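Heads up, the thing below is written out as structure tokens.
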Amino acid sequence: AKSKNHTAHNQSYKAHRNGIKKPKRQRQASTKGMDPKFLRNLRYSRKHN
Amino acid sequence: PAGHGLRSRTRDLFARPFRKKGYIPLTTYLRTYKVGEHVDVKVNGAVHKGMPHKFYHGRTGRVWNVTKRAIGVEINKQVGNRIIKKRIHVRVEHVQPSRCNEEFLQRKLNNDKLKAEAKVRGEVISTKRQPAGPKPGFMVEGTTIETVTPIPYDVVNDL
Amino acid sequence: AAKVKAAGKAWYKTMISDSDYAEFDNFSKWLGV
Amino acid sequence: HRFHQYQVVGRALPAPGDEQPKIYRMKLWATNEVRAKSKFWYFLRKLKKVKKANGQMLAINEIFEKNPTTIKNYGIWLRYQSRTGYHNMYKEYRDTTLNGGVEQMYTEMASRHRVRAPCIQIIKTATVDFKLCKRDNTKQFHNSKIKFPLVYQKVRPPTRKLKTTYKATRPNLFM
Amino acid sequence: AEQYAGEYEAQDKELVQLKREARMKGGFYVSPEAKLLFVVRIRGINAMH
RNA sequence: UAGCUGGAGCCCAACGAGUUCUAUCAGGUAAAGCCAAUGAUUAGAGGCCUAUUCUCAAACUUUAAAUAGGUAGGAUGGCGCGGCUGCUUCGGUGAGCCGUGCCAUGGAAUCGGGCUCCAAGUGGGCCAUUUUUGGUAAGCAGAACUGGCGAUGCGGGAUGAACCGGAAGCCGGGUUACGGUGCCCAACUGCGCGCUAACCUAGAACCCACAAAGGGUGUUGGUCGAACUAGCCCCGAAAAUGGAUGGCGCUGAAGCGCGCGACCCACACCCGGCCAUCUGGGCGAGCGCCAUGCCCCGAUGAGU
Ligand SMILES: [K+]
Ligand SMILES: [K+]
Ligand SMILES: [K+]
Ligand SMILES: [K+]
Ligand SMILES: [K+]
Ligand SMILES: [Mg+2]
Ligand SMILES: [Mg+2]
Ligand SMILES: [Mg+2]
Ligand SMILES: [Mg+2]
Ligand SMILES: [Mg+2]
Ligand SMILES: [Mg+2]
Ligand SMILES: [Mg+2]
Ligand SMILES: [Mg+2]
Ligand SMILES: [Mg+2]
Ligand SMILES: [Mg+2]
Ligand SMILES: [Mg+2]
Ligand SMILES: [Mg+2]
Ligand SMILES: [Mg+2]
Ligand SMILES: [Mg+2]
Ligand SMILES: [Mg+2]
Ligand SMILES: [Mg+2]
Ligand SMILES: [Mg+2]
């Protein structure tokens with residue numbers, strides 16, 4: 001017995017029930033993934049303020 | 001992976017524009033990007049290091065990191081229910097500064113100057129944009145008027 | 001009053017004017033040119 | 001009257017390129033003003049290159065019959081779309097107003113050719129002297145001694161209060 | 001309320017004078033474009049895009 | 001397993017938005033092109049070459065839409081003064097950050113109240129407008145966007161999961177949608193112009209319940225001249241129980257095309273009463289109350 005393979009039917013309706021969620025705009029965006037140089041230096045500058 | 005490679009169906013997308021191949025101009029290489037700036041992503045197919053995935057071609061995002069040969073760009077991606085703020089690193093060859101806020105940046109300076117005048121004169125003003133609306137009444141002088149008529153149908157001249 | 005009437009008659013003549021119809025060369029006989 | 005004649009005046013929007021654009025006028029037949037302006041913008045878009053979004057509407061005025069108590073002969077040149085192709089034809093009518101002739105034209109095209117109002121374009125309207133009328137059934141009513149009987153009477157009560165299901169005798173009608 | 005009632009007139013009347021004067025010197029006066037709409041929904045809430 | 005759903009909350013009220021506008025990016029589908037590259041492809045002309053020429057492309061393309069895509073449209077901003085850095089520069093040179101004093105009429109339209117836990121069922125789908133692949137085709141087989149049925153009654157399409165209208169507490173009154181007004185059947189045998197005559201069962205409601213090439217000196221409108229065109233009608237037109245514009249029937253129609261006025265008509269819309277849900281309120285030196293109560297206000301009511 002064969003069946004259906006793929007469809008996007010009803011998927012966007014499902015996606016909008018709790019309508020598309022935009023991430024929370026936060027002050028002080030995370031510094032993860034920034035280059036470690038200028039990251040340790042910023043840490044040293046803050047420590048010596 | 002899983003049926004489609006990294007550069008699948010990019011035959012037209014990553015090709016260079018017509019008669020615009022070969023050397024890359026120096027302007028591409030000495031533009032300055034800072035964290036918080038807006039940039040458009042446009043892959044060029046002659047530079048294979050730092051190449052972003054085909055999804056980010058034609059998307060605009062914020063600069064969040066700057067390295068020696070690349071910048072960090074933050075781009076929204078809708079994945080089912082929500083938007084994921086994707087963070088990718090792209091070489092400067094595939095990125096250009098965005099003009100999506102150029103009209104806003106000049107307007108902010110002008111609104112500051114206009115409100116400065118209202119401070120001097122003591123008035124209260126708005127400096128807030130308003131959409132195009134209904135035109136006011138006006139008069140037009142008596143001039144030549146051309147008459148427009150439906151044209152008789154001609155079979156021969158239809159083609 | 002007479003100037004009022006003349007403007008109304010001038011306006012009425014413009015409203016009821018008819019085109020030359022001379023630019024339809026091959027349909028000139030079929031039309032009332 | 002079902003149909004009215006309007007004179008619609010408009011132009012392209014004044015732009016720095018011209019700033020005093022040309023003025024265009026049309027005489028259009030429509031049921032009201034909103035339908036007259038729409039048909040005007042239809043012809044301006046197709047004949048000139050000015051559509052409603054790039055244009056300005058200046059004036060719209062209804063034309064009226066000068067003498068609605070006399071009988072005129074009315075010629076109409078029209079363009080219509082059939083099931084297979086486009087054709088133009090000339091029609092003649094007798095009416096006290098050109099409004100009646102246009103209503104007559106639209107009714108006749110609907111009956112004889114099954115052509116609806118959207119598929120018709122009035123090329124030209126005019127009044128024709130009885131010496132220059134071309135179609136038959138218009139000349140035969142130019143007889144000054146015109147005489148004939150009424151061959152279909154339509155026996156009916158006058159005001160629907162006098163209507164009864166039954167009658168005691170058959171009607172007598174004669175002509 | 002007296003001020004508004006007398007303002008509805010002299011606005012209708014002024015447009016009558018303006019149009020007459022335009023014809024008086026042979027031109028067209030263009031009425032100001034409408035600024036207000038009344039919008040009424042004529043279809044139901046079934047099978048909506 | 002994630003998504004869709006319920007329950008429990010809790011945290012708060014400028015934040016947003018399945019929308020437009022202003023600005024700014026990105027694209028190679030439709031169309032087009034070959035008189036541009038790659039490929040295919042007909043014909044002559046002039047001297048293999050030159051200038052033309054007919055016709056083409058899902059795995060061709062210089063150009064190149066519509067519709068969809070992304071970003072931005074301030075109080076989470078800006079400017080001085082002063083500091084810190086182990087980073088950066090020839091260099092206070094920069095990149096940032098820290099402190100501090102000032103400035104910022106709220107920066108287009110419209111609309112609006114919106115972090116975590118635990119868990120159910122589901123994981124056979126089907127149909128329709130548009131786009132679209134395979135196949136001669138299929139009530140076939142497979143994709144894209146949206147809606148619908150499934151899970152849903154109610155009015156119309158005679159009848160019918162999906163078509164048209166419209167979604168719903170129990171009622172009174174008024175009015176409509178779709179569809180209709182000869183009878184069945186509530187509402188005109190209403191007012192008006194044409195066309196048709198069927199000796200084929202003439203014809204007569206989207207989906208829909210079929211018809212073609214081709215014909216006619218049937219008839220009625222047109223066009224071009226000294227035949228052509230297109231309306232209705234007729235031929236083309238053959239299946240098995242007896243039979244179906246739904247039936248009877250209808251011929252200045254009760255058929256076809258186009259109008260006018262009124263009328264009929266849904267659980268839809270409006271006003272009103274009542275039940276419930278939700279929202280927001282009032283009630284103590286209490287003559288004071290199933291306070292888990294009573295009173296007031298507004299909206300709402302489909303369900304496997
Ligand atoms: K493949
Ligand atoms: K082209
Ligand atoms: K070619
Ligand atoms: K499961
Ligand atoms: K015929
Ligand atoms: Mg199947
Ligand atoms: Mg399955
Ligand atoms: Mg895998
Ligand atoms: Mg519907
Ligand atoms: Mg292509
Ligand atoms: Mg094509
Ligand atoms: Mg689950
Ligand atoms: Mg089921
Ligand atoms: Mg079932
Ligand atoms: Mg009622
Ligand atoms: Mg009748
Ligand atoms: Mg049926
Ligand atoms: Mg035939
Ligand atoms: Mg029936
Ligand atoms: Mg009620
Ligand atoms: Mg319920
Ligand atoms: Mg249950």
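Chain labels follow the order of the structure tokens: the first chain is A, the next B, and so on; residue numbering restarts at 1 in every chain, and ligands are counted from 1 in their shown order.
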Subject >> Contacts of ligand 18, 12 Å or closer, only C-alpha atoms (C1' of nucleotides) and all ligand atoms, given as a PyMOL selection string >> reply: chain F and resi 212-216+230+233-236
Original post:
residue 9 in chain A: which residues within 12 Å, counting only C-alpha atoms (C1' of nucleotides), same-chain residues fewer than 6 positions away excluded, as a list in words?
Top reply: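 Everything that qualifies: residues 15 of chain A; 125, 143, 144, 145, 146 and 147 of chain F.
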Since we have the selection now, will you write its residues out, keeping N, CA and C atoms (P, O5', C5', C4', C3', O3' and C1' of nucleotides), as a PDB file, in the first residue's frame?
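Result went into out38.pdb, see below:
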```pdb
ATOM      1  N   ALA A  15       1.678  27.227  11.999  1.00  0.00           N
ATOM      2  CA  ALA A  15       2.757  28.096  12.450  1.00  0.00           C
ATOM      3  C   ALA A  15       2.239  29.426  12.974  1.00  0.00           C
TER       4      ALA A  15
ATOM      5  P     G F 125      -1.712   9.476   4.329  1.00  0.00           P
ATOM      6  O5'   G F 125      -2.361  10.636   3.456  1.00  0.00           O
ATOM      7  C5'   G F 125      -3.151  11.652   4.042  1.00  0.00           C
ATOM      8  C4'   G F 125      -4.615  11.307   3.993  1.00  0.00           C
ATOM      9  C3'   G F 125      -5.412  11.906   2.844  1.00  0.00           C
ATOM     10  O3'   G F 125      -5.327  11.134   1.661  1.00  0.00           O
ATOM     11  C1'   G F 125      -6.543  12.295   4.879  1.00  0.00           C
ATOM     12  P     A F 143       2.729  13.936  -2.834  1.00  0.00           P
ATOM     13  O5'   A F 143       3.463  15.197  -3.464  1.00  0.00           O
ATOM     14  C5'   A F 143       3.174  16.514  -3.039  1.00  0.00           C
ATOM     15  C4'   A F 143       4.024  17.504  -3.781  1.00  0.00           C
ATOM     16  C3'   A F 143       3.718  18.963  -3.514  1.00  0.00           C
ATOM     17  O3'   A F 143       4.316  19.438  -2.322  1.00  0.00           O
ATOM     18  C1'   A F 143       3.806  18.615  -5.831  1.00  0.00           C
ATOM     19  P     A F 144       3.586  20.560  -1.443  1.00  0.00           P
ATOM     20  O5'   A F 144       3.647  21.847  -2.369  1.00  0.00           O
ATOM     21  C5'   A F 144       4.866  22.531  -2.605  1.00  0.00           C
ATOM     22  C4'   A F 144       4.606  23.924  -3.109  1.00  0.00           C
ATOM     23  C3'   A F 144       3.554  24.705  -2.341  1.00  0.00           C
ATOM     24  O3'   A F 144       4.086  25.328  -1.186  1.00  0.00           O
ATOM     25  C1'   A F 144       3.100  24.842  -4.650  1.00  0.00           C
ATOM     26  P     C F 145       3.204  25.476   0.142  1.00  0.00           P
ATOM     27  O5'   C F 145       2.207  26.667  -0.195  1.00  0.00           O
ATOM     28  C5'   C F 145       2.677  27.999  -0.315  1.00  0.00           C
ATOM     29  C4'   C F 145       1.571  28.945  -0.696  1.00  0.00           C
ATOM     30  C3'   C F 145       0.299  28.872   0.132  1.00  0.00           C
ATOM     31  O3'   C F 145       0.388  29.523   1.385  1.00  0.00           O
ATOM     32  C1'   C F 145      -0.265  28.934  -2.149  1.00  0.00           C
ATOM     33  P     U F 146      -0.298  28.861   2.673  1.00  0.00           P
ATOM     34  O5'   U F 146      -1.852  29.173   2.499  1.00  0.00           O
ATOM     35  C5'   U F 146      -2.333  30.507   2.447  1.00  0.00           C
ATOM     36  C4'   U F 146      -3.697  30.595   1.807  1.00  0.00           C
ATOM     37  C3'   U F 146      -4.818  29.826   2.480  1.00  0.00           C
ATOM     38  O3'   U F 146      -5.325  30.443   3.647  1.00  0.00           O
ATOM     39  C1'   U F 146      -4.925  29.464   0.160  1.00  0.00           C
ATOM     40  P     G F 147      -5.861  29.534   4.855  1.00  0.00           P
ATOM     41  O5'   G F 147      -7.310  29.076   4.384  1.00  0.00           O
ATOM     42  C5'   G F 147      -8.348  30.024   4.208  1.00  0.00           C
ATOM     43  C4'   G F 147      -9.436  29.515   3.298  1.00  0.00           C
ATOM     44  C3'   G F 147     -10.257  28.346   3.807  1.00  0.00           C
ATOM     45  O3'   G F 147     -11.243  28.717   4.752  1.00  0.00           O
ATOM     46  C1'   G F 147      -9.633  27.933   1.580  1.00  0.00           C
TER      47        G F 147
END
```
**OP:** Could you tell me, counting only C-alpha atoms (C1' of nucleotides) and all ligand atoms, which protein and nucleic acid residues lie no more than 10 Å from ligand 15, written as a PyMOL selection string?
**Re:** chain F and resi 172-175
Export N, CA and C atoms (P, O5', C5', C4', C3', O3' and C1' of nucleotides) of the chosen residues as a PDB file, in the first residue's frame?
```
ATOM      1  P     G F 172     -40.573  32.584  18.160  1.00  0.00           P
ATOM      2  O5'   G F 172     -40.944  34.091  18.502  1.00  0.00           O
ATOM      3  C5'   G F 172     -42.061  34.420  19.313  1.00  0.00           C
ATOM      4  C4'   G F 172     -42.200  35.916  19.455  1.00  0.00           C
ATOM      5  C3'   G F 172     -42.128  36.718  18.163  1.00  0.00           C
ATOM      6  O3'   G F 172     -43.343  36.731  17.438  1.00  0.00           O
ATOM      7  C1'   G F 172     -40.730  37.714  19.774  1.00  0.00           C
ATOM      8  P     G F 173     -43.329  36.748  15.835  1.00  0.00           P
ATOM      9  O5'   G F 173     -42.863  38.221  15.461  1.00  0.00           O
ATOM     10  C5'   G F 173     -43.698  39.336  15.726  1.00  0.00           C
ATOM     11  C4'   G F 173     -42.967  40.641  15.557  1.00  0.00           C
ATOM     12  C3'   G F 173     -42.329  40.900  14.204  1.00  0.00           C
ATOM     13  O3'   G F 173     -43.248  41.289  13.201  1.00  0.00           O
ATOM     14  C1'   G F 173     -40.807  41.472  15.895  1.00  0.00           C
ATOM     15  P     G F 174     -42.951  40.948  11.662  1.00  0.00           P
ATOM     16  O5'   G F 174     -41.753  41.916  11.260  1.00  0.00           O
ATOM     17  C5'   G F 174     -41.957  43.313  11.134  1.00  0.00           C
ATOM     18  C4'   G F 174     -40.668  44.049  10.881  1.00  0.00           C
ATOM     19  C3'   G F 174     -39.931  43.696   9.603  1.00  0.00           C
ATOM     20  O3'   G F 174     -40.460  44.317   8.451  1.00  0.00           O
ATOM     21  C1'   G F 174     -38.406  43.726  11.386  1.00  0.00           C
ATOM     22  P     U F 175     -40.372  43.566   7.040  1.00  0.00           P
ATOM     23  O5'   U F 175     -38.822  43.550   6.701  1.00  0.00           O
ATOM     24  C5'   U F 175     -38.105  44.755   6.509  1.00  0.00           C
ATOM     25  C4'   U F 175     -36.632  44.499   6.341  1.00  0.00           C
ATOM     26  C3'   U F 175     -36.226  43.680   5.134  1.00  0.00           C
ATOM     27  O3'   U F 175     -36.260  44.426   3.932  1.00  0.00           O
ATOM     28  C1'   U F 175     -35.005  42.968   7.032  1.00  0.00           C
TER      29        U F 175
END
```
Subject >> Residue list for chain B near chain F as a PyMOL selection string, 10 Å, only C-alpha atoms (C1' of nucleotides) >> reply: chain B and resi 12-13+18-19+34-35+38-42+56-62+75-76+80-81+96-105+107-108+111-112+115+124-132
**OP:** Just the residues within 8 Å of residue 25 in chain D, please, counting only C-alpha atoms (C1' of nucleotides), with nothing from its chain fewer than 5 positions along; format it as a list in words.
**Re:** residues 145, 146, 147 and 148 of chain B; 7, 8, 9 and 10 of chain D
Please build the interface table for chain C against chain B with a cut-off of 10 Å, listing for each qualifying residue the nearest atom pair and the distance in Å to one decimal; count only C-alpha atoms, order rows by chain and increasing number, and write it as JSON lines.
```
{"residue": "C:14", "atom": "CA", "partner": "B:145", "partner_atom": "CA", "distance": 9.2}
{"residue": "C:17", "atom": "CA", "partner": "B:147", "partner_atom": "CA", "distance": 8.8}
{"residue": "C:18", "atom": "CA", "partner": "B:147", "partner_atom": "CA", "distance": 7.8}
{"residue": "C:19", "atom": "CA", "partner": "B:147", "partner_atom": "CA", "distance": 5.9}
{"residue": "C:20", "atom": "CA", "partner": "B:147", "partner_atom": "CA", "distance": 8.9}
{"residue": "C:21", "atom": "CA", "partner": "B:149", "partner_atom": "CA", "distance": 8.5}
{"residue": "C:23", "atom": "CA", "partner": "B:151", "partner_atom": "CA", "distance": 9.6}
{"residue": "C:24", "atom": "CA", "partner": "B:151", "partner_atom": "CA", "distance": 7.7}
{"residue": "C:26", "atom": "CA", "partner": "B:154", "partner_atom": "CA", "distance": 9.3}
{"residue": "C:27", "atom": "CA", "partner": "B:152", "partner_atom": "CA", "distance": 7.4}
{"residue": "C:30", "atom": "CA", "partner": "B:152", "partner_atom": "CA", "distance": 9.9}
{"residue": "C:31", "atom": "CA", "partner": "B:152", "partner_atom": "CA", "distance": 9.1}
```
Subject >> Near-ligand residues for ligand 14, threshold 9 Å, only C-alpha atoms (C1' of nucleotides) and all ligand atoms, as number ranges by chain >> reply: F: 150-151, 161, 304
Original post:
Residues within 7 Å of ligand 17 (only C-alpha atoms (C1' of nucleotides) and all ligand atoms), as a list in words?
Top reply: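 Written in the requested form, the residues are residues 157, 158 and 208 of chain F.
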Subject >> Interface, chain F side, toward chain D (8 Å; only C-alpha atoms (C1' of nucleotides)) as a PyMOL selection string >> reply: chain F and resi 193-195+220-223+230-231+257-259
Original post:
What do you get as a PyMOL selection string if you pick all residues at most 12 Å from ligand 12, counting only C-alpha atoms (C1' of nucleotides) and all ligand atoms?
Top reply: chain F and resi 1-5+119-123
Keeping only C-alpha atoms (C1' of nucleotides), write those residues as a PDB file, in the first residue's frame.
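Now in result-v1.pdb:
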```
ATOM      1  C1'   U F   1      10.465  13.381  18.319  1.00  0.00           C
ATOM      2  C1'   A F   2       8.886  18.687  17.041  1.00  0.00           C
ATOM      3  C1'   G F   3       4.377  21.053  15.686  1.00  0.00           C
ATOM      4  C1'   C F   4      -1.003  21.687  16.564  1.00  0.00           C
ATOM      5  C1'   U F   5      -4.469  21.383  21.958  1.00  0.00           C
ATOM      6  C1'   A F 119      -0.018  16.357  29.907  1.00  0.00           C
ATOM      7  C1'   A F 120      -3.848  14.415  25.977  1.00  0.00           C
ATOM      8  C1'   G F 121      -5.207  13.238  21.000  1.00  0.00           C
ATOM      9  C1'   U F 122      -2.911  13.175  16.113  1.00  0.00           C
ATOM     10  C1'   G F 123       1.278  11.366  12.862  1.00  0.00           C
TER      11        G F 123
END
```
Original post:
Hey, what's within 8 Å of range 20-28 of chain A if we count only C-alpha atoms (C1' of nucleotides) and toss same-chain stuff fewer than 3 positions away? As a PyMOL selection string, please?
Top reply: (chain A and resi 15-16) or (chain B and resi 78+80-85) or (chain F and resi 76)
Return as a PDB file with C-alpha atoms, in the first residue's frame the residues belonging to chain D that are within 8 Å of chain B, counting only C-alpha atoms.
```
ATOM      1  CA  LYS D  22      -2.961  68.035 -22.343  1.00  0.00           C
ATOM      2  CA  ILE D  23      -6.690  67.858 -21.595  1.00  0.00           C
ATOM      3  CA  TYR D  24      -8.824  64.934 -22.772  1.00  0.00           C
ATOM      4  CA  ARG D  25     -12.609  64.846 -23.133  1.00  0.00           C
ATOM      5  CA  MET D  26     -15.047  62.039 -23.883  1.00  0.00           C
ATOM      6  CA  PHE D  43     -10.429  54.381 -22.651  1.00  0.00           C
ATOM      7  CA  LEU D  44      -7.719  56.800 -21.526  1.00  0.00           C
ATOM      8  CA  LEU D  47      -6.136  54.845 -26.224  1.00  0.00           C
ATOM      9  CA  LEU D  78     -20.606  50.804 -32.447  1.00  0.00           C
ATOM     10  CA  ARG D  79     -17.937  48.187 -31.855  1.00  0.00           C
ATOM     11  CA  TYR D  86     -14.675  41.776 -33.313  1.00  0.00           C
ATOM     12  CA  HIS D  87     -17.071  43.558 -35.656  1.00  0.00           C
ATOM     13  CA  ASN D  88     -18.358  47.085 -36.111  1.00  0.00           C
ATOM     14  CA  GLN D 121     -18.096  50.267 -27.575  1.00  0.00           C
ATOM     15  CA  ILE D 122     -20.079  53.245 -28.860  1.00  0.00           C
ATOM     16  CA  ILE D 123     -17.877  54.703 -31.594  1.00  0.00           C
ATOM     17  CA  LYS D 124     -20.158  57.560 -32.628  1.00  0.00           C
TER      18      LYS D 124
END
```
**OP:** Show which residues sit within 9 Å of range 5-12 of chain C, as a PyMOL selection string. Count only C-alpha atoms (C1' of nucleotides), and ignore same-chain residues fewer than 2 positions away.
**Re:** (chain C and resi 1-3+14-17) or (chain D and resi 63) or (chain E and resi 23-26)
Write out, as a Markdown table, each residue of chain F that has an atom at most 8 Å from ligand 3, together with the closest pair of atoms and their distance in Å to one decimal, counting only C-alpha atoms (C1' of nucleotides) and all ligand atoms, rows going by chain and rising number.
```
| residue | atom | partner | partner_atom_place_in_ligand_line | distance |
| --- | --- | --- | --- | --- |
| F:34 | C1' | ligand 3 | 1 (K) | 4.2 |
| F:36 | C1' | ligand 3 | 1 (K) | 8.0 |
| F:37 | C1' | ligand 3 | 1 (K) | 7.8 |
| F:38 | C1' | ligand 3 | 1 (K) | 7.7 |
| F:39 | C1' | ligand 3 | 1 (K) | 7.5 |
```
**OP:** Compile the residues of chain F that lie within 8 Å of chain A, evaluated using only C-alpha atoms (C1' of nucleotides), and express the compilation as a ChimeraX atom specification.
**Re:** /F:3-4,18,76,83-87,96-98,124,143
Using C-alpha atoms (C1' of nucleotides), can you export the residues from the last selection as a PDB file, in the first residue's frame?
```
ATOM      1  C1'   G F   3       4.377  21.053  15.686  1.00  0.00           C
ATOM      2  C1'   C F   4      -1.003  21.687  16.564  1.00  0.00           C
ATOM      3  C1'   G F  18      -0.465  36.546   8.448  1.00  0.00           C
ATOM      4  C1'   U F  76      17.100  49.986  24.342  1.00  0.00           C
ATOM      5  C1'   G F  83      38.481  57.988  33.215  1.00  0.00           C
ATOM      6  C1'   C F  84      40.091  52.291  31.933  1.00  0.00           C
ATOM      7  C1'   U F  85      42.395  48.650  28.371  1.00  0.00           C
ATOM      8  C1'   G F  86      46.893  43.575  29.003  1.00  0.00           C
ATOM      9  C1'   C F  87      43.435  45.178  22.286  1.00  0.00           C
ATOM     10  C1'   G F  96      35.071  49.598  22.812  1.00  0.00           C
ATOM     11  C1'   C F  97      33.645  50.064  27.857  1.00  0.00           C
ATOM     12  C1'   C F  98      33.042  52.826  32.742  1.00  0.00           C
ATOM     13  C1'   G F 124      -4.224   6.696   6.639  1.00  0.00           C
ATOM     14  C1'   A F 143       3.806  18.615  -5.831  1.00  0.00           C
TER      15        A F 143
END
```
**OP:** All residues within 8 Å of ligand 20 are required, counting only C-alpha atoms (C1' of nucleotides) and all ligand atoms; please report them as a ChimeraX atom specification.
**Re:** /F:171,272-273
Just write the chosen residues, N, CA and C atoms (P, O5', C5', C4', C3', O3' and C1' of nucleotides), as a PDB file, in the first residue's frame.
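Printed below is result35.pdb as written:
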```
ATOM      1  P     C F 171     -36.398  27.651  20.431  1.00  0.00           P
ATOM      2  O5'   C F 171     -37.306  28.852  20.946  1.00  0.00           O
ATOM      3  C5'   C F 171     -37.668  29.929  20.096  1.00  0.00           C
ATOM      4  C4'   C F 171     -38.270  31.058  20.889  1.00  0.00           C
ATOM      5  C3'   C F 171     -38.836  32.218  20.089  1.00  0.00           C
ATOM      6  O3'   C F 171     -40.127  31.958  19.567  1.00  0.00           O
ATOM      7  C1'   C F 171     -37.497  33.060  21.831  1.00  0.00           C
ATOM      8  P     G F 272     -31.890  46.945  22.167  1.00  0.00           P
ATOM      9  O5'   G F 272     -33.100  46.034  22.651  1.00  0.00           O
ATOM     10  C5'   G F 272     -34.267  46.614  23.210  1.00  0.00           C
ATOM     11  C4'   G F 272     -35.356  45.594  23.418  1.00  0.00           C
ATOM     12  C3'   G F 272     -35.056  44.471  24.389  1.00  0.00           C
ATOM     13  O3'   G F 272     -35.150  44.857  25.746  1.00  0.00           O
ATOM     14  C1'   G F 272     -36.044  43.572  22.460  1.00  0.00           C
ATOM     15  P     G F 273     -34.209  44.162  26.842  1.00  0.00           P
ATOM     16  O5'   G F 273     -34.924  42.774  27.135  1.00  0.00           O
ATOM     17  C5'   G F 273     -36.152  42.726  27.843  1.00  0.00           C
ATOM     18  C4'   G F 273     -36.684  41.321  27.932  1.00  0.00           C
ATOM     19  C3'   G F 273     -35.804  40.313  28.648  1.00  0.00           C
ATOM     20  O3'   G F 273     -35.893  40.392  30.058  1.00  0.00           O
ATOM     21  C1'   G F 273     -36.603  39.376  26.638  1.00  0.00           C
TER      22        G F 273
END
```
Original post:
Do you know which residues are within 12 Å of ligand 9 using only C-alpha atoms (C1' of nucleotides) and all ligand atoms? Can you write them as a ChimeraX atom specification?
Top reply: /E:43-49 /F:128-129,147-148,162-167,177-178
Original post:
Using only C-alpha atoms (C1' of nucleotides) and all ligand atoms, what are the residues with an atom within 8 Å of ligand 16, set out as a list in words?
Top reply: residues 189, 253 and 254 of chain F
Per residue of chain F within 9 Å of ligand 19, note the shortest atom pair and the distance in Å to one decimal, counting only C-alpha atoms (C1' of nucleotides) and all ligand atoms, and order the rows by chain and increasing residue number, as a Markdown table.
```
| residue | atom | partner | partner_atom_place_in_ligand_line | distance |
| --- | --- | --- | --- | --- |
| F:158 | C1' | ligand 19 | 1 (Mg) | 6.4 |
| F:204 | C1' | ligand 19 | 1 (Mg) | 8.8 |
| F:205 | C1' | ligand 19 | 1 (Mg) | 7.8 |
| F:245 | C1' | ligand 19 | 1 (Mg) | 6.4 |
| F:246 | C1' | ligand 19 | 1 (Mg) | 5.9 |
```
Output N, CA and C atoms (P, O5', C5', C4', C3', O3' and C1' of nucleotides) of each residue in that selection to a file, as a PDB file, in the first residue's frame.
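Final output, result25.pdb:
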```pdb
ATOM      1  P     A F 158     -31.809  21.788  -8.632  1.00  0.00           P
ATOM      2  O5'   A F 158     -32.353  21.476  -7.167  1.00  0.00           O
ATOM      3  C5'   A F 158     -33.645  21.889  -6.746  1.00  0.00           C
ATOM      4  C4'   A F 158     -34.526  20.715  -6.391  1.00  0.00           C
ATOM      5  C3'   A F 158     -33.897  19.623  -5.538  1.00  0.00           C
ATOM      6  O3'   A F 158     -33.948  19.925  -4.155  1.00  0.00           O
ATOM      7  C1'   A F 158     -35.095  18.657  -7.350  1.00  0.00           C
ATOM      8  P     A F 204     -31.326  23.705 -22.833  1.00  0.00           P
ATOM      9  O5'   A F 204     -31.771  24.480 -21.518  1.00  0.00           O
ATOM     10  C5'   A F 204     -31.780  25.898 -21.465  1.00  0.00           C
ATOM     11  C4'   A F 204     -32.843  26.401 -20.525  1.00  0.00           C
ATOM     12  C3'   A F 204     -32.992  25.625 -19.233  1.00  0.00           C
ATOM     13  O3'   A F 204     -32.022  25.972 -18.268  1.00  0.00           O
ATOM     14  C1'   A F 204     -35.122  25.985 -20.166  1.00  0.00           C
ATOM     15  P     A F 205     -31.276  24.823 -17.440  1.00  0.00           P
ATOM     16  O5'   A F 205     -30.576  25.616 -16.259  1.00  0.00           O
ATOM     17  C5'   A F 205     -29.772  26.764 -16.509  1.00  0.00           C
ATOM     18  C4'   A F 205     -29.026  27.173 -15.264  1.00  0.00           C
ATOM     19  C3'   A F 205     -28.482  26.003 -14.452  1.00  0.00           C
ATOM     20  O3'   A F 205     -27.252  26.374 -13.836  1.00  0.00           O
ATOM     21  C1'   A F 205     -30.014  27.231 -13.133  1.00  0.00           C
ATOM     22  P     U F 245     -35.073  15.225 -18.893  1.00  0.00           P
ATOM     23  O5'   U F 245     -35.627  16.685 -18.576  1.00  0.00           O
ATOM     24  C5'   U F 245     -35.390  17.311 -17.324  1.00  0.00           C
ATOM     25  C4'   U F 245     -34.722  18.653 -17.488  1.00  0.00           C
ATOM     26  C3'   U F 245     -34.601  19.492 -16.228  1.00  0.00           C
ATOM     27  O3'   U F 245     -33.511  19.118 -15.406  1.00  0.00           O
ATOM     28  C1'   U F 245     -35.432  20.836 -17.978  1.00  0.00           C
ATOM     29  P     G F 246     -33.532  19.445 -13.836  1.00  0.00           P
ATOM     30  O5'   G F 246     -34.720  18.555 -13.275  1.00  0.00           O
ATOM     31  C5'   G F 246     -34.535  17.176 -13.015  1.00  0.00           C
ATOM     32  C4'   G F 246     -35.700  16.589 -12.264  1.00  0.00           C
ATOM     33  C3'   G F 246     -37.064  16.773 -12.899  1.00  0.00           C
ATOM     34  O3'   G F 246     -37.313  15.857 -13.948  1.00  0.00           O
ATOM     35  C1'   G F 246     -37.195  17.308 -10.613  1.00  0.00           C
TER      36        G F 246
END
```
